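Report on the structure given below.
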Protein chains: 2
Amino acid sequence: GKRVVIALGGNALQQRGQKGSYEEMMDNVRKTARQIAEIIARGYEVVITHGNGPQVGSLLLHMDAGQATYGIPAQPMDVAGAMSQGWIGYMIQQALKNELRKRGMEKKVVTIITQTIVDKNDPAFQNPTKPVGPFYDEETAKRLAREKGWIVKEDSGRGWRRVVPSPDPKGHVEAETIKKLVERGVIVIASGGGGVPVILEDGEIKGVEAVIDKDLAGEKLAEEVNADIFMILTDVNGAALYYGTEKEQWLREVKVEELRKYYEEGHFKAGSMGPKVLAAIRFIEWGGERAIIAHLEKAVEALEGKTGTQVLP
Amino acid sequence: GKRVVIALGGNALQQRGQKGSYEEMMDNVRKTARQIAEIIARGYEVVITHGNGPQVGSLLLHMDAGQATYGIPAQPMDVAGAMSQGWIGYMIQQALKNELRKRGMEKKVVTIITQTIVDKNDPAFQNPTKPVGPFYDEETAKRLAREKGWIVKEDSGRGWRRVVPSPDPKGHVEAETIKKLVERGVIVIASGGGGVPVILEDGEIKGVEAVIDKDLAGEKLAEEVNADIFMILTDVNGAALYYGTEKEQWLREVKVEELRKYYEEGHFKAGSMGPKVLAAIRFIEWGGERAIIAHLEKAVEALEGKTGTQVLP
Ligand SMILES: Nc1ncnc2c1ncn2[C@@H]1O[C@H](COP(=O)(O)OP(=O)(O)O)[C@@H](O)[C@H]1O
Ligand SMILES: Nc1ncnc2c1ncn2[C@@H]1O[C@H](COP(=O)(O)OP(=O)(O)O)[C@@H](O)[C@H]1O
Ligand SMILES: [Mg+2]
Ligand SMILES: [Mg+2]
């Protein structure tokens, strides 16, 4: 069967308005796992990645409160991303191996903790723009800046929050092992959250506090495993021109040259759809057969080419 | 080369007195990685596990403070164990691959998120007695007992705590994939903290809230990967008879028949050295060639048979 990387998004774990309690996440993950299980029953070789923004944000909230109440040290963002990969990957590997056993299918399903390499001279480290963590007042946010070297900015009028770098993913430290597992039929969950951001210097891989886009990092995983198809599943069913306006037009089959023109026109917003269109464009430019942007609830119909945005060479 | 499962303990990550800051843990994991890289330079096939008691403890304190301050949901103990495997695995896989890379050894090092199967009829579930989490007052602890189904007890005069089961590990969900990676020469970190505790019910894997002893779970990982040697690294250089008294004798080479008799005499305290000697006894009874209990800082000499307790058939 064809090999597909499926990059899950927020809605695989949390619905609009949910705080992300354990029971909420267990229900959303089981719904996700039935869609993936359908795709595995159809014969596809599946590799899974996902986001972690709300989950790393909850861990940063928790550790700021722990440090204030019990005096125990808060851990840095690379550690919070590794914690998130163990959390989310445990819930997806247990629900997907259980839904495949319910279908009379025995498969091996594992999470591999993944480090994503970026260039230490990436220009994003000179200009951090992604807001993250708790909302602080001005006084606490500027004291944290002085003491820790953080950058802060007032965020949409809700308080002050750290801003961190969003560097471009170059590749994964564990790519060789990830591909070996895929080639032997294991369903691997990797690059969770975009992976832990790391740079290489003086022999050592070292964590850095940043966010890597999970669709851009997912596209690099798709190159690394030699995937045929790269599919992004989100909470809208594709990419639209003139989104939210009276001229709104949902893209269906679109050639990559046309999608690149649409991209420079600005239709795909930078905090959201822009990087998913960029990742689909890059996968086609690398040589992939098809990239897809669709809604999680239409994963299977999308994968067959019937709905969603379908990007071709 | 001989295949060895190395079961690290507290001192691989924290020393006496430390709270467990990132910088403390990064320094202790670097020291651990220099020991293991020398073993790998010597041609052994290594598999690594470790404990997670202080690190799941910190996460339970952080999430009770987070839910109390920000109203975000705390997650249950199986999820906190998964978070701990991601956090500790990422640090050891980064440090160990860095020491191998600087010494001119290119080796793959990865953490697999591991679930440890226990028997749902284990008598431990009828008698929980390991205290975990924050110290509460009696009202708060008995309200949580009513609302959540917890068992609480007053712990050593410091307040009331939840008590959980400590079931015997039977095997690991991921054992076949772990062993296939070891046979391909990947250095695997697995069963961290004893693994996420899970039962099997009607074919479905379900998490439970419990602690699984990391040395007993380490010995079952050694059975599953067909290890030759099982080596526990701790903060004392072996097991002693009549520990702390005038009759004290530190065991060097010991045969399993004698060591079972000493175990029955009660020399090895149940919350510390007892499970280490039980796990060494079990590895020799399963058919292993040698089980070792030694100090972390003397790991190479101990694997060579020159120091520490050396348990033989
Ligand atoms: N041109 C566009 N077409 C479609 N959706 C768009 C567009 N521009 C912005 N969006 C937003 O992109 C959002 C999906 O991205 P995002 O919220 O980051 O989700 P995920 O967690 O799946 O990555 C949609 O809910 C939509 O509101
Ligand atoms: N018979 C004994 N021989 C040696 N050490 C013992 C014995 N009984 C108890 N101990 C204690 O076991 C401790 C090591 O176990 P533990 O503290 O649980 O460490 P780890 O984190 O490595 O599992 C030693 O520091 C020692 O105080
Ligand atoms: Mg997004
Ligand atoms: Mg111990």
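In the text below, chain A, chain B and the rest are named by the order of the sequence lines, each starting its count at 1. Counting starts at 1 for both ligands and their atoms, in listed order.
Considering backbone and side-chain N/O of B/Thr234, one or more are found under 3.5 Å from N/O of ligand 2. In terms of polar-atom proximity, B/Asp215 is not counted as a contact of ligand 2, lacking any N or O under 3.5 Å from an N or O of the ligand. By the 3.5 Å distance cut-off applied to N or O atoms, B/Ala239 is not counted among the residues near ligand 2. Residue B/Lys276 has at least one N or O atom closer than 3.5 Å to an N or O atom of ligand 2.
For atom 5 (N) of ligand 2, the nearest protein heavy atom (residue, atom name, distance) is B/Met273 CE, 3.5 Å. Regarding atom 25 (O) of ligand 2, its nearest protein heavy-atom neighbour is B/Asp235 OD1, 2.7 Å. Taking atom 17 (O) of ligand 2 as the reference point, the nearest protein heavy-atom neighbour is B/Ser272 CB, 4.4 Å. Of all protein heavy atoms, the one lying nearest to atom 3 (N) of ligand 2 is B/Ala240 N, 3.0 Å.
In this structure, B/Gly238 is part of the shell of residues with a heavy atom less than 4.0 angstrom from ligand 2.
Set against the non-hydrogen atoms of B/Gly9, the atoms of ligand 2 under 4.0 Å away are 21 (O), 22 (O). With ligand atoms numbered from 1 in the order given, ligand 2 contributes 20 (P), 21 (O), 22 (O) to contacts under 4.0 Å with heavy atoms of B/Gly10. Ligand 2 places these atoms under 4.0 Å from at least one heavy atom of B/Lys269: 8 (N), 9 (C).
With a heavy-atom cut-off of 4.0 Å, B/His267 touches ligand 2 through its backbone alone.
B/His295 is linked by a ring-ring contact (aromatic ring centres under 6.0 Å, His included) to nothing, counting only residues two or more places apart in sequence or in another chain.
Tested against A/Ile292 for a side-chain contact (heavy atoms from CB on, under 4.5 Å), the candidates A/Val311, A/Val4, A/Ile229, A/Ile232 yield a single pass: A/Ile229.
Both the sub-6.0 Å distance and the 45° axial angle are not jointly satisfied by B/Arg158 relative to the ring of B/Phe135.
Of the candidates B/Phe268, B/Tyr243, B/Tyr262, it is B/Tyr243 that places a heavy atom closest to atom 27 (O) of ligand 2.
Proximity of A/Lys298 to A/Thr307: side-chain heavy atoms (C-beta onward) are separated by under 4.5 Å at one or more points.
The distance from atom OG1 of A/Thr116 to atom CG of A/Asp168, rounded to the nearest 0.5 Å, is 11.0 Å.
Side-chain contact annotation: B/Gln115 with B/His172, donor-acceptor N/O pair under 3.5 Å absent. Side-chain contact check for A/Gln18 and A/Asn28: at least one donor-acceptor pair (N or O, by modelled atom type) lies under 3.5 Å. In this model, a donor atom of one side chain and an acceptor atom of the other lie less than 3.5 Å apart for A/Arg290 and A/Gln310. Side chains of B/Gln55 and B/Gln14: a donor on one and an acceptor on the other come within 3.5 Å.
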